[PDB]
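Visitor: Mind folding the following:
(one chain, ligands or ions: 6)
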Amino acid sequence: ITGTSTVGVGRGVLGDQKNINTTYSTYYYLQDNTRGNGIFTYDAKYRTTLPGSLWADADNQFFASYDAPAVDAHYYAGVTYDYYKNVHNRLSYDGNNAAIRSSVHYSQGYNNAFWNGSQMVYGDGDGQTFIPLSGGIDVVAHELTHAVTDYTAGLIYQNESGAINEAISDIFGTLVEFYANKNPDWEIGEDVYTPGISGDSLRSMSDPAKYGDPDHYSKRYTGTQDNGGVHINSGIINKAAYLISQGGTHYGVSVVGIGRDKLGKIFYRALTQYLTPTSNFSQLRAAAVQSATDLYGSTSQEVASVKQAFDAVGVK
Ligand SMILES: Cc1cc(C(=O)NCC(F)(F)F)no1
Ligand SMILES: [Ca+2]
Ligand SMILES: [Ca+2]
Ligand SMILES: [Ca+2]
Ligand SMILES: [Ca+2]
Ligand SMILES: [Zn+2]
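Guide: Residues are numbered from 1 along each chain as shown. Ligands and ions are numbered 1, 2, ... in the order given. Now the structure:
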């Protein structure tokens, strides 16, 4: 909407207070004009029609329970925008400051979040498997990264290219979590998964097998569930990314870590310059090797570590 930029205050899903960029015109809207062509957050009102209604509030204070998922969707979309702009010089998901749209309160008891080709969508969870999923900064950044992938490599969401699509979202979701520097880790969704169980998450990048996902190409899922295992075989690539950043010895193969910033640079360049819609795991290795060569030189430690990491997970 047309109005004047304002700053509201509210509480997120985990009870933390934060300031949010809003727009005033009769009501205060969850419309952040300070980033690109805007960040816009919508109320789906427990239904499945999208996007729903642009979120309107009478007093620019967002402390109601019903407000909390909207506060976090809005705020963490902004953090993710900031990461891509400040770290990769990328302006929104299309590189041209496309408006970022999110809807919360999608359906009833909905234990997921997703990017629907046009916008981010967050369930509230059923209160047992999940609490409202926008409470996870890694979840929000995972979803917005699907938009980045759509506009760049375009990885088709099935089989190995789909597992790469998933891993790219987990990698940059995690790097956004570290960028914001609030309880960062290499696990996915820990802040919103199973409120009755401490210390678990949906997935682990540092040890995918902790939640049953493969950490070596020989253990890949080859059936048809989950679009050919896109949330399962992502563990193979997630483990390689973790090893590139942090190092380790895995199935007897040693990897010297080069840190998160260089991980991010290598995989951002691979995503935007070398990957294609049908890239498989072997082609991702080649793309990452070439990206590290572009950035650091053929004989660099960085290139050596990329090769060791893919060796360690059985990807040639
Ligand atoms: C099946 C299935 C979907 C997901 C998933 O990653 N959901 C998106 C997230 F951001 F909420 F985590 N994991 O298994
Ligand atoms: Ca209010
Ligand atoms: Ca965390
Ligand atoms: Ca995490
Ligand atoms: Ca839990
Ligand atoms: Zn995903």
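Visitor: and the gap between whichever residue of the stretch 101-250 of the chain sits closest to ligand 5 and ligand 2?
Guide: Nearest residue of the stretch 101-250 of the chain to ligand 5, counting by C-beta to the ion: residue 194, 3.5 Å away. Using the backbone N, CA and C atoms, a C-beta is placed for each residue, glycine as well. As for residue 194, its distance to ligand 2 is 30 Å (criterion: C-beta to the ion, to the nearest Å).
Visitor: Next, count neighbours for residue 113.
Guide: 25 (other C-beta atoms under 10 Å).
Visitor: typo on my end, residue 197
Guide: Neighbour number of residue 197 under other C-beta under 10 Å is 9.
Visitor: Equivalent analysis for the one 3 residues further on, please.
Guide: The number of residues packed around residue 200, counting by other C-beta under 10 Å, is 13.
Visitor: Is it correct that it is in contact with residue 193?
Guide: Yes: assessed by C-beta atoms under 8 Å, residue 200 is found in contact with residue 193 at 6.3 Å.
Visitor: who's in contact with residue 82?
Guide: 35, 179 (C-beta atoms under 8 Å, 6 or more residues apart in numbering).
Visitor: Helix or strand: which one has it?
Guide: In the assignment (DSSP states H and E), residue 82 maps to helix 68-88.
Visitor: how about the helices in this structure?
Guide: For the chain, the helices defined by DSSP state H cover 68-88, 137-151, 159-180, 225-229, 234-246, 260-269, 281-296, 301-312.
Visitor: Return the list of helices and strands in contact with the shortest one.
Guide: The contact analysis (3 or more C-beta pairs under 8 Å, 6 or more residues apart in numbering; DSSP states H and E) places helix 225-229 against helix 159-180.
Visitor: Next, count neighbours for residue 284.
Guide: For residue 284, the number of neighbouring residues by other C-beta under 10 Å comes to 27.
Visitor: Not counting residues beside it along the chain, what's closest to it?
Guide: Nearest residue to residue 284 in three dimensions, chain neighbours excluded: residue 164, at 5.4 Å (C-beta to C-beta, 6 or more residues apart in numbering).
Visitor: quick one: contacts for that neighbour?
Guide: 155, 234, 237, 275, 279, 280, 281, 284.
Visitor: Would you show me how to pick out the buried ones of these in PyMOL?
Guide: Command for PyMOL, covering only those of these found buried under the criterion 16 or more other C-beta atoms under 10 Å:
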select buried, resi 155+234+237+275+279+281+284
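Visitor: for the contacts of residue 164, which one is nearest residue 212?
Guide: residue 234 (12.5 Å; C-beta to C-beta).
Visitor: Now that the closest one has come up, it's in contact with residue 204, right?
Guide: No: when contacts are counted by C-beta under 8 Å, residue 234 is not listed as touching residue 204 (11.1 Å).
Visitor: quick one: common contacting residues for the two?
Guide: Common contacts of residue 234 and residue 204, defined by C-beta under 8 Å, 6+ apart, comprise residue 213.
Visitor: Any figure for the gap between residue 261 and ligand 5?
Guide: Residue 261 is 29 Å from ligand 5, by C-beta to the ion.
Visitor: Can you list phi and psi of the residue nearest to residue 28 when sequence neighbours are not counted for me?
Guide: Leaving out its chain neighbours, the residue that sits closest to residue 28 by C-beta to C-beta, 6+ apart is residue 60, at 4.0 Å. Dihedral pair for residue 60: phi 70, psi 20, per degrees, to the nearest 10.
Visitor: ok, residue 60 touching residue 3?
Guide: No: under the criterion of C-beta under 8 Å, residue 60 makes no contact with residue 3, lying 11.8 Å away.
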